[PDB]
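Below, in structure tokens: the form deposited without the partner chain, a single chain.
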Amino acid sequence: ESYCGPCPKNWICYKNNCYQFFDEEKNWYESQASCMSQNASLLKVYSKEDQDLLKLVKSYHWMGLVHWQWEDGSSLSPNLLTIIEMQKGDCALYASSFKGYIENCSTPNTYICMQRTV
């Protein structure tokens, strides 16, 4: 047993990360700004074990991966995501299980915001 967080009330907490799904479709840049306004960033995938809840995510959602590195400038670690071509573009949609579909950054999509606690 343990506690999870800290997270704001409207976020799912899993292994001390906070996740929130946004159903209003936006391009990658507008989604990034939305997460920032919530003291967060777009989903960053850094651990298959500590983020194994992402195996259960359905549909396709902006994550913070750009052409590959994350918003915060950090690199994509190997053996975390299978990146699959789909549409010509420089952004990627998260899909289960641990897949990234390359997508046009200007195409509206739903998105996942995430806050790390440490």
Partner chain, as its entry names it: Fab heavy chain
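Numbering follows the first chain given and starts at 1.
Original post:
Taking residue 67 and residue 68 as adjacent modelled residues, how many residues of the deposited sequence between them have no coordinates (none, 1 to 3, 4 to 9, 10 or more)?
Top reply: In the deposited sequence, 4 to 9 residues between these two have no coordinates.
**OP:** Take the C-alpha B-factors listed in the entry for 72-80 and for 58-66, compute each mean, and give the stretch with the larger one.
**Re:** Mean C-alpha B-factor is greater for 72-80.
Subject >> Stretch exceeding the other in mean C-alpha B-factor - 5-13, 92-100 >> reply: Between 5-13 and 92-100, it is 5-13.
**OP:** Select lowest, middle or highest to describe the third in which the CA B-factor of residue 47 falls within its chain in this entry.
**Re:** For residue 47, the deposited C-alpha B-factor lands in the middle third.
**OP:** Just say lowest, middle or highest third for the CA B-factor of residue 31 relative to the other modelled residues in its chain.
**Re:** Its C-alpha B-factor belongs to the middle third of this chain's values.
Not on display, but discussed next: the form solved in complex with the partner chain.
**OP:** Please check if residue 48 has a heavy atom lying within 4.5 Å of any heavy atom of the partner chain in the deposited complex.
**Re:** Although the partner chain is absent here, residue 48 would touch it in the deposited complex, with heavy atoms inside 4.5 Å.
Original post:
Quick one: does residue 73 come within 4.5 Å of the partner chain in the deposited complex, counting heavy atoms only?
Top reply: No, residue 73 is distant from the partner.
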